[PDB]
Amino acid sequence: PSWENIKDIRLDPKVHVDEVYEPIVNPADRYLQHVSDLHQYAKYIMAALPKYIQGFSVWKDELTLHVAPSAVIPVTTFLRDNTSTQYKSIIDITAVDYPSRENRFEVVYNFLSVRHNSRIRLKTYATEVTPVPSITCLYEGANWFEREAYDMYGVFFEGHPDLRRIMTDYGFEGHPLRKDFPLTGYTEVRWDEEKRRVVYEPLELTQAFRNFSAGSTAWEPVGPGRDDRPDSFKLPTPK
Amino acid sequence: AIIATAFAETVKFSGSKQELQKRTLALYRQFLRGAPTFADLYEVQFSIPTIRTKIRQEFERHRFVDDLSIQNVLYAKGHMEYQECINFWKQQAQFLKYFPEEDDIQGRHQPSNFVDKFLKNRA
Amino acid sequence: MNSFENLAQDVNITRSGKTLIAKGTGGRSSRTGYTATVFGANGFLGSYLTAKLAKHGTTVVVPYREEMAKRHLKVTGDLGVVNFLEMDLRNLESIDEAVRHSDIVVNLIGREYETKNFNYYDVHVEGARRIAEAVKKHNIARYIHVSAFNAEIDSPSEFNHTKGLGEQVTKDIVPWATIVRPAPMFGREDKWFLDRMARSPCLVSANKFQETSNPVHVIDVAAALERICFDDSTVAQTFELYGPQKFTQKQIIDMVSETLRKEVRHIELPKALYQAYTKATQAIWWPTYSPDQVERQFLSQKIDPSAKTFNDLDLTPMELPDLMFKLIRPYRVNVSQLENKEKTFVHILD
Amino acid sequence: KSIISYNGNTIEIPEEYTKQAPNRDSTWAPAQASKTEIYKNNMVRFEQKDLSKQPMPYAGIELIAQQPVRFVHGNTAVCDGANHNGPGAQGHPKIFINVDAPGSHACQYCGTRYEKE
Amino acid sequence: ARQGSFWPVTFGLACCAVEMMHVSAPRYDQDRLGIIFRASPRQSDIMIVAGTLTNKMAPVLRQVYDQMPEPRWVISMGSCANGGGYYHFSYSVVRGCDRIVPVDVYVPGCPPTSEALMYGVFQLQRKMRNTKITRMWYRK
Amino acid sequence: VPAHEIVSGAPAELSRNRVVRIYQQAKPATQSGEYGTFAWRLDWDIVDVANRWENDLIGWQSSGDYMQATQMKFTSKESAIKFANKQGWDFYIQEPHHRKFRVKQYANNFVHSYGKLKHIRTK
Amino acid sequence: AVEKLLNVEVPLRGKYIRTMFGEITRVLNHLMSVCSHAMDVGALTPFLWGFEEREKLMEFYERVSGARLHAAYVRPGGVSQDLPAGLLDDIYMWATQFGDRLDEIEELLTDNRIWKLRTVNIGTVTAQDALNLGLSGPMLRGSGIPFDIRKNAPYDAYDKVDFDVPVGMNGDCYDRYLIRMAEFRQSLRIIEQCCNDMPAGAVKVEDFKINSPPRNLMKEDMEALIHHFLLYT
Amino acid sequence: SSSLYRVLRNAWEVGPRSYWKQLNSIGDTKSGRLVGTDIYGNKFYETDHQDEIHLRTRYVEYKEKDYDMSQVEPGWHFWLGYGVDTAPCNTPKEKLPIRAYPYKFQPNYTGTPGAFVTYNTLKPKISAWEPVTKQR
Amino acid sequence: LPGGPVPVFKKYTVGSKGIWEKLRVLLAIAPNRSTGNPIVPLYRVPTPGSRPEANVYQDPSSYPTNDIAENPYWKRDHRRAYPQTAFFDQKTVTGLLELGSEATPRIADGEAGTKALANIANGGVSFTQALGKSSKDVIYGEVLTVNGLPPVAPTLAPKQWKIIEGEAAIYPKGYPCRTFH
Amino acid sequence: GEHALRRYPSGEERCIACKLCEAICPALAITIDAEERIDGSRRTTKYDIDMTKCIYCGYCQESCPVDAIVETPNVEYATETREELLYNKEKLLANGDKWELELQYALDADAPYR
Ligand SMILES: NC(=O)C1=CN([C@@H]2O[C@H](COP(=O)(O)OP(=O)(O)OC[C@H]3O[C@@H](n4cnc5c(N)ncnc54)[C@H](OP(=O)(O)O)[C@@H]3O)[C@@H](O)[C@H]2O)C=CC1
Ligand code: SF4
Ligand code: SF4
Ligand code: SF4
Ligand SMILES: [Zn+2]
């Protein structure tokens, strides 16, 4: 009954398997019924707000709604306050830069409903001069997210009470997450003894950045995939 | 709730260039009035008139911009900069980025003609 | 982009036949191709000179005595730019090691007092002689030797006399050297100048505070030195670097008082009494006002009629009155509408 | 020994530190800088330094040249550089070397030379 | 006395600070050597830069370093502080804290282990133990 | 064409003294895959003084050109031109070259020759 | 995230290793957070006691990954290497005493009237405001809302293990402290279940187009060498 | 064990000269059996006293007064960190490295004239023309 | 109650022996508590660098993935069988409302169906006329539920919570922290 | 811990300059130069690691097809100057020679698991 005679676990007989059996299954399959449900749900939403919902997309368990910027406040209000949706938590807001589009920036909102245990995504668009309506009036938590989106991308949010840089240095010029902003920026700092202060100077690198993306594959890697649309959401063929 | 900070202005894109002109001249007045506060916060060597001159030069740079959206963005960013300077959020190091001329002569050789630029491989 | 503001051109030939090609735009990662040794680089003027040199990527060799005292210099350059050597004036090999690879050698070694190991002659004549001999033996392209204003051989001052002697011995040994004589230098944390006036208990003059000189900003002396370093048309010339407008010591004390908002205490004493005091105080181990500085207090600055000046370097010295507030800021001492405005505010709460 | 610098002054370097490796005097690649060139171009950072402490790895080309040729019966030698004492995969990828042509033939990976017999 | 009363101010920027915390934890117990971490630079002899130094932070670090009374030393700890590390090519990162302050010892690792940091402290103590102070004055 | 130059925060030298090239990647001569040839690349022409030089300590390649490694991808030549105009960038379009089509027949390797063979095909 | 985009499946042993080391990581995090919180209020001793436990767990980190902190151990596909031979036994022996380690911290804090003076009704958040502000984890569970992704949307092996979720009611610092202390215990529970149910097999997905093949294949088989070359370049 | 009896017992087991040596280097009083010696002269010990905690059963006594962890030879460095059960002198011949070069151990020379001087192992990528005149 | 107290001699920590064990048992707040010092002969022994199992370890694999004779790679190539993202704009949903679906058609054969598909694909019917035209059967089956209710925001795996009270709870009755399972 | 370049038992270098370590390096800490050796071998003429850029992730050691670049268990190599932390090929080869026995213990213990 002492630690001196505690049994040696190191010499207990271990389990020994001969062959491990792991069947081959496509991970997407488990989503199929849920995918159908999301389709049905999205149809309802688009039928209820046809003034606003430009479209929707469904990938395995993620539902996205696509709307114009002027649609953001009503649809968001709906998503927050309708009894079947009840998306009370704002998860994140960010932007994605698409330089080929006439509207560079797509603004992405993710929402969570703890009531229904459900997530949803909402997209709109913007440019370097056309703002988006701030949703701080609906979610206080949105505040900082919009600030980050302004700091990284330059998207403005109309109605934001206090919109300023949150990440970058004071007086930083540029929006670093744009595809045309260079990786190491334009300016670097050092301590200047003549001036007795930290000074900013044009960037100079002892070793230049080496960009190895020139070695990307010359062959298309994955192909088209397969479509998981339910049969109730495909147009019929005549006969 | 999450309340705004000192000298915060909610973002509003003016629908008209005259309604923006009013706001812009008000921002210019704010900068000129804060110049002495700036000279005290940032312990600058130069004079208050130098600060006000610099402010005028900044506002002058965009004197001929036409598109309303661009002027709206220039105004909103200028107000952000005012809020940053007046709240002492900036340190001296970033504030002095605005005054490159105030530093002393960087050297004997700043080329102006083709030959001088060519001798320094800058032609 | 940065620039090489110190260089006139990109390809350079030293007088010793070395080809130097400048690489880069001129910033921290750029290199000029030059190598310089700065004797006395850890001191007041040397640190500015080293900062300016290392800024554009010229290789700087710094001979030092005490390790901890030179550490700040390392910050002024990129990796491999500032290089430290242990050096002592009684070790000839160490001087040779210090100058061996350089295109430029500048000597800023001087002391305003005597020590148990170095009197004025040992530090200003013998040390200058040894550095110059190393320079001449290794055939260095450029040698800049710094002396003081009023350097004269038969001077009443031992400082001035040994500085004139050092000039003569330098010219005798290396005939292509450039001699530079700065006026008194003020600046951030200067020696026996503004900083002393802003925190002394009492300034004590044996000549009523009547001596005149043309005080010069240390930054300007370093900038002039960099220009002399890189243009080979200053070979074998003498430079008198002095400020624009002449001042009396009492005037400078008055400006210091007015900018300080505090009255500086001045006492006038007899030269014999004050010289005795300074001789007595030389017994402690930390630097203290010299008997020879009291001697120099009776000498006013005398500019050589025929010597190159800031003008020949295309340089314009700044003004002490405009600089003093910036230079002395840490030592500064520090209604009807206010009352009415105060009435509207809350001063006590729950 | 005596290396003339760009200054025109002399750098003295002991003979043994001019050798590219302790087991080899000369360079083994056209792009390889010789010790003499290294000192000529970097002497400032070598002043007041002890050369005997600097890394001086042995040149592998002489060492591999010292290994005897392995003779093989057929047309093809197989090499993997394996460690028969340790577990796991400790050699190089297993390759096959043709030995039909006259002379010895080197493993691309480890330099071991094979020959038909 | 300098070795035995080794009081660092922590610039605990990032993950490196975690390893610094483990130096004071019971396994290594830094205070057994006389090391005490001080909030105030006024009461500190050593600055340990432990974490990524951003451009926004550089003047703050310089300011804290300047308020240290002399004598003073700096230890750079970790790749970020040493030369920028994983973030060397970032627009917002200082590429080594020796662009801002003089550095006496560099400790490698991402992060350096607690033992690596202790080894660096021992190197700084070796440098301290070999300093000439009155002998240096005697040379003058 | 909106002058977004003045709202981005980029240096003025980018829209003043730099030239960009807009092109499609050529089919590599070493491979038969064409997967990288459809996008429209935008990248900057090099600057002589600032491009690359050898570091004197370890031998790394230094650079002063902050755009040297940046390459934008566009889904069309027109999108790329629009973006370049919106940033005030002077550009050059390199039109792509494509393989001219011809008819290839295996049987052509065995066509009967009525006169002297011009060459012996070997297979 | 990358596995979802790749449409691949982590093998079962890999999922169990990820769950076990996720709960070890949760213990490490809560040691840091609770002891740092106590140190800020002025209770200096729980920090030392908890950092010794952190040292013990960081040894497991180092033995599976070769690093104390930045393991780079969990990767898209599974984990980078299999567990070494004597690890499950050592984790079990650490687990047999961690409960006492938790009891002594609770002896110092849970009923201390000064601790309560610093934590009770401090930093109160209502449930509705918690949802509106984007709070999650304890910051949410303290306000009375039973939400936890491990139970609501189960990932790697959390569906295969038994544990409870603590929920507060006052939405203050003291409720959140109690939640974190209970989460310590639940993580110990899960770690024991993983030590008992660790299955055999691969630890990364068995497709060499996604994860690198084992080295003895890489140095013997041509396809394996090609796939290794391509994955690393 | 923090007890006084442990210290007294170890000092008796170890002898007064060893007691003073340990008190002047490591500051504790350890008693254990010698396992082996370094190429540098450091000595390594293992103790099996039940009063010694986990990770304290192996230790080194350094050969020189300015001791440094970098003076521990590789192999012994792994053993001292409980990397391997068996000590380098006890490792069979099959598990030793074959060398075709002489083995030399060197510690950290930082802060010393022997500190590593880095350099570029390549000559410059572009070679200049050696100028030669010709007569017209 | 599993998880309950276990005695100190079943914990892998050093502890005390002899008279000192009696003293510790008399003086402990909780006698079953361990000290936290691992047992030196048992813990992390043998060292990870001298494990015998290292010399028998083989790369693990599972059947049928490791079969040499019946697994083409393309039958288990799950990356290339990835689900496509389905995009629906309002024209497509208009078509779903009017023409019905592949699952349940409401389209005529021949040229009629292709022309109907074309004229919805061109803009002839808008989404709102589509919705107004839609019958009760369509609206209830295919927009709302068969009862007329809207569908709820769907959940992949529904979680039924239960509250554990009494002795199996983590804290006793007083504490403001409950146990949810 | 600190990096080293290993040899074959013959004394020939193991590194054949495939540059897989340089490609994988998340910190771009490796710089490599190669050409044909005068005996015809594919070998590096320059192998540099910036230890102040390196994040000590071990990816180079995983990537290497011939076990050439390795991380030792050594952590005690702090320096007084940053220039001492730019490792060239000579330094790394000397590290391999210095630490080969400890490297062999580590390999004998972990090679089956890689
Ligand atoms: N400041 C002024 O107003 C004037 C200065 N000058 C001259 O300018 C030059 C530098 O000026 P400044 O910076 O103000 O003076 P500092 O005292 O600040 O620096 C002088 C330098 O010379 C070194 N020095 C003094 N004696 C010796 C010695 N025996 N051996 C080695 N080095 C020695 C010092 O090294 P260490 O730190 O180790 O002691 C120090 O680095 C001097 O030659 C001075 O005479 C002349 C006209 C005006
Ligand atoms: S060096 Fe590594 S561990 Fe240290 S702060 Fe930087 S990223 Fe974090
Ligand atoms: S350990 Fe990681 S960061 Fe360091 S050299 Fe290797 S791959 Fe690069
Ligand atoms: S160290 Fe290995 S991976 Fe790197 S270049 Fe050499 S052989 Fe290739
Ligand atoms: Zn081979």
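Residues numbered from 1 in each chain as written, not as in the entry; some residues may be left out. Chains lettered and ligands numbered in written order. Part of a larger assembly, values for the part shown. Heavy atoms only, no water.

- This entry, as listed in the PDB, derives from cryo-EM and reports a resolution of 2.4 Å.

- As annotated in the PDB entry, chain F carries the name Subunit NUYM of NADH:Ubiquinone Oxidoreductase (Complex I) and is attributed to Yarrowia lipolytica.
- UniProt lists a comment for chain F under the heading Sequence similarities (unreviewed entry), and it reads "Belongs to the complex I NDUFS4 subunit family."
- Within the UniProt record for chain F, the comment given under Function (unreviewed entry) is "Accessory subunit of the mitochondrial membrane respiratory chain NADH dehydrogenase (Complex I), that is believed not to be involved in catalysis. Complex I functions in the transfer of electrons from NADH to the respiratory chain. The immediate electron acceptor for the enzyme is believed to be ubiquinone." (UniProt positions renumbered as here; feature names shortened; annotations may be inferred.)

- Looking up chain A in the PDB entry gives the name Subunit NUGM of NADH:Ubiquinone Oxidoreductase (Complex I), with the organism given as Yarrowia lipolytica.
- Regarding chain A, the UniProt comment filed under Catalytic activity (unreviewed entry) reads as follows: "a ubiquinone + NADH + 5 H(+)(in) = a ubiquinol + NAD(+) + 4 H(+)(out)".
- Chain A has a UniProt comment under Sequence similarities (unreviewed entry) that states "Belongs to the complex I 30 kDa subunit family."

### Let's talk about the overall build of chain A
Working step 1: Counting its regular elements, chain A contains three helices and 11 strands.
Working step 2: Counting from the amino terminus, helix and strand elements in chain A follow one another as β-α-β-β-α-β-β-β-β-α-β-β-β-β.
Working step 3: Its C-alpha atoms give chain A a radius of gyration of 26 Å, more than 25% over the compact-globule value 18 Å for 239 residues.
Working step 4: Scored against the burial criterion, the 239 residues of chain A give a buried share of 59%.
Working step 5: A separation threshold of at least 6 residues defines the contact pool for chain A, and within that pool the share at least 24 residues apart is 45%.
Working step 6: Accessible area for chain A stands at about 10000 Å²; split by element, carbon and sulfur atoms hold 55% of it.
Working step 7: The averaged location of the 35 negative side-chain charges in chain A is 4 Å from the averaged location of its 29 positive side-chain charges. (Helix = DSSP H or I, 4+ residues; strand = E, 2+ residues; numbered from the N terminus. Rg over C-alpha atoms; globule rule 2.2 N^0.38 Å. Buried < 20%, exposed > 50% of the residue type's maximum accessible area, 1.4 Å probe, protein only. Contact = heavy atoms within 4.5 Å. Areas by Shrake-Rupley, 256 points an atom, 1.4 Å probe, with all protein chains shown as cover. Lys, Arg positive; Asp, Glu negative; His and termini not counted. Charge placed at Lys NZ, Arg CZ, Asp CG, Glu CD.)

### Brief notes about the overall build of chain F
Working step 1: Scanning chain F from terminus to terminus reveals three helices and six strands.
Working step 2: What you see in chain F, going N to C, is helices and strands ordered as α-α-β-β-β-β-β-α-β.
Working step 3: Overall, chain F is about 75 × 45 × 20 Å in size when its C-alpha atoms are taken along their principal axes.
Working step 4: When burial is assessed residue by residue, chain F has 33% of its 123 residues classed as buried.
Working step 5: Look at the contacts in chain F between residues 6 or more apart in sequence, and 58% of them connect residues 24 or more apart.
Working step 6: In the structure as shown, chain F presents an accessible area of about 8200 Å², 52% of it carried by carbon and sulfur atoms.
Working step 7: Chain F carries 18 positive and 12 negative side-chain charges, and their two centres are separated by 20 Å.

### Points about the environment of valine 146 of chain C
Residue and element names in this part refer to chain C.
Working step 1: Mapped onto the fold, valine 146 is located in strand β7 (residues 142-146).
Working step 2: Accessibility expressed as a relative area gives 9% for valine 146, which makes it buried.
Working step 3: Residues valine 146 and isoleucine 109, spaced 37 residues apart in sequence, show a C-alpha to C-alpha distance of 7.9 Å.
Working step 4: Filtering out sequence-adjacent residues up to four positions away, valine 146 remains in contact with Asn107, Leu108, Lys163, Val180, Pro182 and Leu225.

### Looking at the interface of chain I and chain H
Interface size, as often reported, equals the accessible area lost upon joining of the parts.
Working step 1: Taken together, the contacts link 11 residues of chain I with 10 residues of chain H.
Working step 2: Area buried by chain I at its contact with chain H is led by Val40, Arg44 and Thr47 of chain I, which between them contribute 47% of it.
Working step 3: Our enumeration of links across chain I and chain H arrives at zero salt bridges.
Working step 4: The interface formed by chain I and chain H includes five residue pairs in polar contact. (Buried area = accessible area lost by both parts, 1.4 Å probe. Salt bridge = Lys/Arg side-chain N within 4 Å of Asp/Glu carboxyl O. Polar contact = N/O pair within 3.5 Å; in protein donor to acceptor, adjacent residues only side chain to side chain.)

### What to know about the sheet that holds strand β1 (residues 8-12) of chain E
Residues and elements named next belong to chain E.
Working step 1: Reading across from one edge, β1-β2-β3-β4 is the order of the four strands in this open sheet, with parallel pairing throughout. Looking at strand neighbours, the two that pair on one side only are β1 and β4 (105-107), the edges of this open sheet. Between one strand axis and the next, the sheet turns by 20 degrees as a mean value, whatever way the strands run.
Working step 2: Across three bridges, strand β3 (residues 73-77) lies against β4 in parallel orientation. The residue of β4 that forms the bridge with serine 76 is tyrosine 106.
Working step 3: Here helix α1 (residues 15-24) sits on the sheet in contact with β1, β2 (46-50) and β3, set at roughly 130 degrees to β2. (Pairing = 2+ DSSP bridges. Axes fitted to C-alpha atoms, helices over the stretch in contact; angles between N-to-C directions.)

### Some words on the pattern of salt bridges
Working step 1: In the structure shown here, the tally under the stated rule is 124 salt bridges over all chains.
Working step 2: Residue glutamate 67 of chain C is joined to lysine 127 of chain E by a salt bridge in which the shortest nitrogen-to-oxygen separation is 3.1 Å. Of this pair, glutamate 67 of chain C sits in the loop between β4 (59-64) and β5 (82-86) while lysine 127 of chain E sits in helix α4 (residues 114-129), each in a different chain. Comparing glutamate 67 of chain C with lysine 127 of chain E shows no difference in burial state: the two are buried.
Working step 3: Each of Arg6, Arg9, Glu13, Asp28, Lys30, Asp51, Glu52 and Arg56 of chain H takes part in a single network of salt bridges with overlapping partners.

### Here we look at the side chain of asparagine 87 of chain B
Residue and element names in this part refer to chain B.
Working step 1: Structurally, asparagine 87 is set in the loop between α3 (68-86) and α4 (92-95).
Working step 2: You can call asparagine 87 buried: its relative accessible area is 19%.
Working step 3: From its side chain, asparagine 87 meets the backbone oxygen of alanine 6 in a polar contact 3.2 Å long.
Working step 4: Discounting residues that sit within four places of it in the chain, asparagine 87 has contacts with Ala6 and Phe7.

### Comments concerning the interface of chain A and chain I
Working step 1: Between chain A and chain I, the residue contacts involve 65 residues of the former and 67 residues of the latter.
Working step 2: Summing the contributions of chain A and of chain I, the shared interface buries around 5500 Å²; its carbon and sulfur component is 64%.
Working step 3: Linking chain A with chain I are one salt bridge.
Working step 4: Two residues, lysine 234 of chain A and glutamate 102 of chain I, come together in a salt bridge whose shortest N-O distance is 3.6 Å.
Working step 5: Applying the counting criterion to the chain A and chain I interface returns 28 residue pairs in polar contact.
Working step 6: Those elements that provide at least two residues to the side of chain A that touches chain I are β1 (20-21), α1 (32-48), β2 (53-59) and β11 (226-227) of chain A.
Working step 7: A per-element tally of the side of chain A that touches chain I places α1 of chain A first, with 10 residues.
Working step 8: Where β11 of chain A meets strand β2 (residues 83-84) of chain I, two bridges bridge the pair, whose relative direction is parallel. Counterpart to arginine 226 of chain A in the pairing with β2 of chain I is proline 83 of chain I.

### Considerations on the coordination of the zinc ion (ligand 5)
Residues and elements named next belong to chain D.
Working step 1: Every protein donor of the zinc ion (ligand 5) is listed here as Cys79 (SG), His92 (NE2), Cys107 (SG) and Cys110 (SG), and their distances to the metal cover 2.0 to 2.3 Å.
Working step 2: Around the zinc ion (ligand 5) sit four donor atoms, and with donor-metal-donor angles ranging over 104 to 121 degrees the site reads as tetrahedral.
Working step 3: When the donor residues of the zinc ion (ligand 5) are listed from N- to C-terminus, their spacing reads C-x12-H-x14-C-x2-C. Remark: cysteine 107 occurs in the loop between β6 (105-106) and β7 (113-116) and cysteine 79 occurs in strand β4 (residues 76-79); sequence separation between them is 28 residues. Each member of the pair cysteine 79 and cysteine 107 is classed as buried. (Donors = N, O, S within 2.8 Å, 3.2 Å for Na, K, Ca; no water. Tetrahedral: all angles 85-135°; square planar, octahedral: opposite > 155°, others 65-115°.)

### Some points on the sheet that holds β7 of chain D
All names here are of chain D.
Working step 1: The sheet built from three strands is open, its strands ordered β3-β7-β6 with mixed pairing. Each edge of the open sheet carries a strand with a single partner, namely β3 (70-72) and β6.
Working step 2: Of the strand pairs in this sheet, β3 and β7 are connected by three bridges, and their pairing is parallel. Opposite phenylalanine 71, over in β7, you have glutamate 115 as the bridge partner.

### Observations regarding helix α4 (residues 158-173) of chain C
All names here are of chain C.
Working step 1: With 16 residues, α4 should reach 22 Å at 1.5 Å per residue; the first-to-last C-alpha distance of 22 Å fits that figure.
Working step 2: Those residues of α4 that fall on the buried side of the exposure criterion are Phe159, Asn160, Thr162, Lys163, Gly164, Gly166, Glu167, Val169, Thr170 and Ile173.
Working step 3: Looking at the buried residues of α4, the elements they touch are α3 (120-138), β7, β8 (178-182) and α9 (291-296). (Expected span 1.5 Å × (residues − 1).)

### Focus on the nonpolar core
Residues and elements named next belong to chain A.
Working step 1: Ranked by internal contacts, the top residues of the largest apolar core, which has 68 residues, are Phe56, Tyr109, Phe111, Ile120 and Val155.
Working step 2: When residues in this core are grouped by element, the largest group, eight residues, is from α1.
Working step 3: Apart from the residues lying within four places of it in its own chain, the contact partners of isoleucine 120 are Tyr41, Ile45, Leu63, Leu65, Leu79, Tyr87, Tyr109, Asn110 and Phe111. (Core = buried A, V, L, I, M, F, W, Y, C linked by side-chain atoms within 4.5 Å.)

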